[PDB]
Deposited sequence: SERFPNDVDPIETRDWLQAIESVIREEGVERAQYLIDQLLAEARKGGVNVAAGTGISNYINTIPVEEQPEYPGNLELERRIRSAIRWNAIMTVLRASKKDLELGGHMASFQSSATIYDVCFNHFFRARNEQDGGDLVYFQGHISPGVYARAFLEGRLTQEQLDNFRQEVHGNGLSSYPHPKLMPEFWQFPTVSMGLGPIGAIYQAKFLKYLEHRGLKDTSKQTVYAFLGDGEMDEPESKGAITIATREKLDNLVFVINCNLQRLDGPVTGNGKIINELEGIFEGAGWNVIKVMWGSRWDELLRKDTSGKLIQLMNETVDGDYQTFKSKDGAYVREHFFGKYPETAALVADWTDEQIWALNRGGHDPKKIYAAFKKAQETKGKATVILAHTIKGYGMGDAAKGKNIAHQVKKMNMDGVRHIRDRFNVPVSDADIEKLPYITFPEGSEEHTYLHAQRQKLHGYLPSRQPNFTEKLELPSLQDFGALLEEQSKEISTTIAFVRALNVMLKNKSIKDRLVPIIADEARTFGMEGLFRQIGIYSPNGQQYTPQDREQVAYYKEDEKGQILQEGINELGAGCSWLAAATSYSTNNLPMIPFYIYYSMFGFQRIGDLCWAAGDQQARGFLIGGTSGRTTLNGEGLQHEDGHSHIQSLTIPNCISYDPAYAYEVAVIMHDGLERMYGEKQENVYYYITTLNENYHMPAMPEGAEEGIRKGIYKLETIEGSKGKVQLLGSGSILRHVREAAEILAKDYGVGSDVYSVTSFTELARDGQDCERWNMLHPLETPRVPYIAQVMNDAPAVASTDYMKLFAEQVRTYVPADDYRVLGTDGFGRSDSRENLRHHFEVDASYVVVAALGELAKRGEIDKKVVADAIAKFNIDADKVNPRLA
């Protein structure tokens, strides 16, 4: 930790290149319109919300960036990637409005978006696909997402895919937000990777929402201490220009001492007092410091400002950041929260108009008018000139990539469609499918395989020899090895999955990890990825409750699909078979990166269990994509049922079908369900359409088109709700679902499948139970099956075990 003063002394401060007074006129209009936007929303009394205090404290920081640093998307690269702090969005809207990119009508619909001509509260690409780029409102996610975006830009350069050298990634953070573990938890990575294209800009107004970040301490010193410790270049923007004469005049060093010893809480109290209270409780702490302002009027003292409000000090910091190589830079900008808002942070509005010399007359003020700069005006000319020199306007977003990729055909995955000689797993199928893609000339170098330390567990090690590990194992390595860091891997996957938009360079990430540590562990990033329109694959390896058998409670995933079905634009599959994996991956590839350019990402759970992989039935492709297809029909004269299974448990349903027929003369239709979720969604879509078109012929869910009315039983390696979600659409009156509800534990697969009551013996007993409720067989036969299979009818419910 250094003294509590600017890192860049005035003697090393470059001349400011802009027109300060003109820039302030423009900035005042931006401040005014931002406030107007929020107040007009408030007018409506619809509890719309919206903030003002934060943008007021960071406005000047952003203003210097828009006038002298931020590069917009251009023909060479995507421009600077700015992770705008979420709640200062009203300031971004105000500026875009002044630049003529948004209309008054849109500002007037700030926070009312359902009817189409509105503005989102925060940066949501999914809601404003041509405007926002990075969802930052969910705090903590901005900072780590930025780190990995910066890393991904270096990767694209190193791999010879795109020259991103002129791009800077800016993460605009709040100081309270730095308490999120995700905010500082990955900062050493920027040093390991020498991310000199990354700048963290922390607005140190010393406050969170409901109080100071650390009133009894010095949050700026805390941040400096740990970032410096992590190898970052730290630039503190502490004081404005008026302090420069005062500091060089302090030959005693007591002013510095005074500044260093004062704590956050006290600096914040001074901010509320007055110029007299200041010379008294601050400058008046020591005679030498009190003597420095002895010849100062109380008004001249109150004029002393924080560095984050002085364009000259701000500019020096971003310039130094821009010049720095070898490591990332973090700028700690000292500001006043609710700057110039006196009242809280009609008289209040008048105070603001006056404080910032806003060009709004007394006759118009009550109309809360927006201010505009006419073409020909000095303000209009300068606003646009500065931006034209930096390549246009931002933020802006391109929702589709321009190039046409020549994707592999399903035929290209032919070997995976045939019966397998060796027993393999769906994870081995996934790796083989990836190898098929790495043979495609068009996309082979666009693929981005990602792992979180573990590769061998997923049989990814063979790929290493072929494409190597990215390690600026060299700078040309293709695989991203992110270590024991699922959030980080997820952020790399997200940067890759959105490169198609950000850099007009489609990249296709496959991130494979232990499924339990996916949505459960990085779920907020997964939701953010949907907002960001990510197009990529999440492969949840070692999936299924009973299948990663020895690992136990915190590893056995019988519910990731329940978490994944909550994401609207995540498409989820739980395939059993080698060929389904191939069809599913080919289709996802086509949908996301073919002409359709569908904005969805995929989640495929894969397995670590080897078994016989049969050939794909002729014509089953569409059913596989839609979610279900009839695999086999077994003959039986005594009764008929339908049996459904997915992932590793389909095996055992299929065994149950043999037993039902051989031992009980009960025929069955047997379905592989590659996606209960896609089927449930299709069902809801049909039910919804039907309800809204009462005069039309009811539409039929795909699952109801595949199935008949015979009593049905489903079993999967996931909790019962996974299969129960399609109940409403299943055309049979009786539908019984078995599942792995309950905490996992270590044992053999056989023991866990019996414990969770999903194995063949339970499927059989479940099927006979339905046939008994129909009278087709005597209840006694079900009782006898239970004893026959050594099923303990009285063991505790697995959910409670």
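Enquirer: Please report every deposited-sequence interval that has no C-alpha in the structure, sorted by position.
Expert: Several stretches lack coordinates - namely 1 to 55, 401 to 413, 541 to 557, in sequence order.
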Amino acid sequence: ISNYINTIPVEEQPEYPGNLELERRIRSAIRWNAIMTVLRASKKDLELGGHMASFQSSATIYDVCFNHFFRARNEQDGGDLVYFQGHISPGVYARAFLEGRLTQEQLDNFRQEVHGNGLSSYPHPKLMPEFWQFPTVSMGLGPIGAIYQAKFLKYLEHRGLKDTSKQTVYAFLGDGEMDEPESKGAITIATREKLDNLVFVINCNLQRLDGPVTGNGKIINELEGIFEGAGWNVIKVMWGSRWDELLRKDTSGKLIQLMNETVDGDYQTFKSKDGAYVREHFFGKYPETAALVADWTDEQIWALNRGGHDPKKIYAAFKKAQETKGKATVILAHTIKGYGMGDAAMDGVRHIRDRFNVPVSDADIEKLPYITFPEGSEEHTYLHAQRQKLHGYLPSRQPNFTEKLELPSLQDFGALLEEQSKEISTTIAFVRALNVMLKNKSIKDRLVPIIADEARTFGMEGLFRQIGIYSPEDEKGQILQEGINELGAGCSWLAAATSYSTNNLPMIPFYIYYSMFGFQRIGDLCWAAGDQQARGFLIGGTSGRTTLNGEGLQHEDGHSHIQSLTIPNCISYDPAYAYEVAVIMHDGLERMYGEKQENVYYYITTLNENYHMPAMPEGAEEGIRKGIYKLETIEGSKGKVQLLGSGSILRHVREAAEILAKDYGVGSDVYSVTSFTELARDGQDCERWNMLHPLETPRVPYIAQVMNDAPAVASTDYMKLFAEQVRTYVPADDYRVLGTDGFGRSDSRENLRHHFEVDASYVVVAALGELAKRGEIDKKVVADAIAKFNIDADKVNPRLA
From here on, numbers count along this sequence of modelled residues.
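We call the rigid core whatever largest set of C-alpha positions still superposes within 1.5 Å between the two forms.
Enquirer: Aligning on the core, I want to see which stretch wanders more in 5 other deposited structures of this protein. Is it 346 to 354 or 209 to 217 by C-alpha RMS?
Expert: Larger mean C-alpha displacement, comparing 346 to 354 and 209 to 217 in 5 other deposited structures of this protein, is found in 346 to 354.
Enquirer: With everything overlaid on the rigid core, name the stretch, 382 to 390 or 359 to 367, whose CA atoms wander farther on average in 5 other deposited structures of this protein.
Expert: Taking the RMS over all superposed structures in 5 other deposited structures of this protein, 359 to 367 lies farther out.
Enquirer: According to the deposited model, is the average Cα temperature factor higher in 280 to 288 or in 443 to 451?
Expert: So the stretch with the higher mean C-alpha B-factor is 280 to 288.
Enquirer: Which has higher Cα B-factors on average according to the PDB entry: 167 to 175 or 619 to 627?
Expert: Result of the comparison: 619 to 627.
Enquirer: At the C-alpha atoms, which of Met128, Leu463, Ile314, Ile567 reaches the highest B-factor in this entry?
Expert: If I rank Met128, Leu463, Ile314, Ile567 by C-alpha B-factor, first place goes to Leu463.
Enquirer: Identify, among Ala190, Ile226, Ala94, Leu405, the residue whose C-alpha carries the highest B-factor in the deposited PDB entry.
Expert: By C-alpha B-factor in the record, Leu405 ranks first.
Enquirer: Please say which third, lowest, middle or highest, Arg688 falls into when its CA temperature factor is compared across its chain.
Expert: It falls in the middle third of the chain.
Enquirer: Hey, what third does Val764 fall into on Cα B-factor, ranked over its chain?
Expert: Tercile = middle for this residue's CA B-factor.
Enquirer: Could you look up the Cα B-factor of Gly215 in the entry and say which third of the chain it sits in: lowest, middle or highest?
Expert: Its C-alpha B-factor, which the entry lists for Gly215, ranks in the highest third among residues of this chain.
Enquirer: Against its chain's modelled residues, does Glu379's Cα B factor rank lowest, middle or highest third?
Expert: CA B-factor rank for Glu379: highest third.
Enquirer: Using only modelled residues of the chain, where does the Cα B factor of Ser54 rank: lowest third, middle third or highest third?
Expert: Highest third - that is where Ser54 ends up once the chain's C-alpha B-factors are sorted.
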